[PDB]
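Just the one chain here, laid out as C-alpha cells, in the form deposited in one PDB entry.
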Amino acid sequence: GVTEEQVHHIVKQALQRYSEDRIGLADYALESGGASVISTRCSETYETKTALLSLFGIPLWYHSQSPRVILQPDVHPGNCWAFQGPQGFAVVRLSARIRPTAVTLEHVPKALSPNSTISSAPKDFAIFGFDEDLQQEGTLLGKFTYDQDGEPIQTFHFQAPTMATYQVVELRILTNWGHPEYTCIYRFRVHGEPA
C-alpha cells in the first residue's frame, strides 16, 4: 500500500495545485492581470433579481452585475453576469497577445443552487479570435458544450489551433441549460502561449 508519508506528499501536491487558481494555467482574461471587457461589444445586461428589487427595494449599495464579472474570480452564488435569453456574447481584450490554446468556463456548483439545478448555466458556446481590433469577421477558434452534469470548472482545449495570436476574443453563448428567461456566466478564462 501507501505510506502515511506518501499520503502527505499527495495531499501537499493536490493543495498546491488547488491554490494555483484550481487548474494551474495562466489566465489572460483575468481582469486584475490587465484584461477588460469591451462593453461596446457585449450583450445587454439582464438583472436577475428584479423580483427581489421590486418587492423589497433597491439597496443603497446595490448594483447590477456587469460583463466585467466574468473576468473576476469571486464565483459565490449570484456573482455572475446575466443576459436575457439563451444566446449572448461578450468580447474580451486580453492582458497580452497570445496564441490561445484553451478556455475555461465555470458555473456555481449544483450543491449551492436551489433544488440542485443550474438551468441558467451556459450550454453550447463558441470562441472567436479577432485579429484586428474592429467588429470584423471573428474567426472561430472552437465550439464546445458546458456540461451541467460535470465539474463546476471545465476546461476546453482547441483542436489543432493555429499558431495565430490574438488579444481580442469573443465568448458566444448559443444555448443554455433550459432557463427560459436568462443565462448567467460566473467566470471565463483564456489560456495560451504569449511571446
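Residue numbers run from 1 along the displayed sequence. For clarity, a rigid core is taken as the largest C-alpha set superposing within 1.5 Å between two forms. Shifts are known only where both forms have a C-alpha.
Another form, the form deposited in another entry, is not on view; read the next lines as being about it.
> Quick one: lay the two forms over each other on the core and tell me which of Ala126, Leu53, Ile153, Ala26 moves its CA by at least 2 angstroms between this form and the one not shown.
Comparing the C-alpha positions, the one residue that moves 2 Å or more is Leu53.
> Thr48 to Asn176, Cα distance in the other form relative to here: closer or farther, by 3 Å or more?
Relative to the shown form, the pair is farther apart.
> Report the direction of the Cα distance change between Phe83 and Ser54 in the other form, compared with the displayed form, as closer or farther; the change is 3 Å or more.
Here the pair is closer than in the other form; there, farther apart.
> For a shift of 2 angstroms or more at every C-alpha, which runs of three or more consecutive residues qualify between this form and the one not shown, with the core superposed?
The run that moves is 47-62, and no other.
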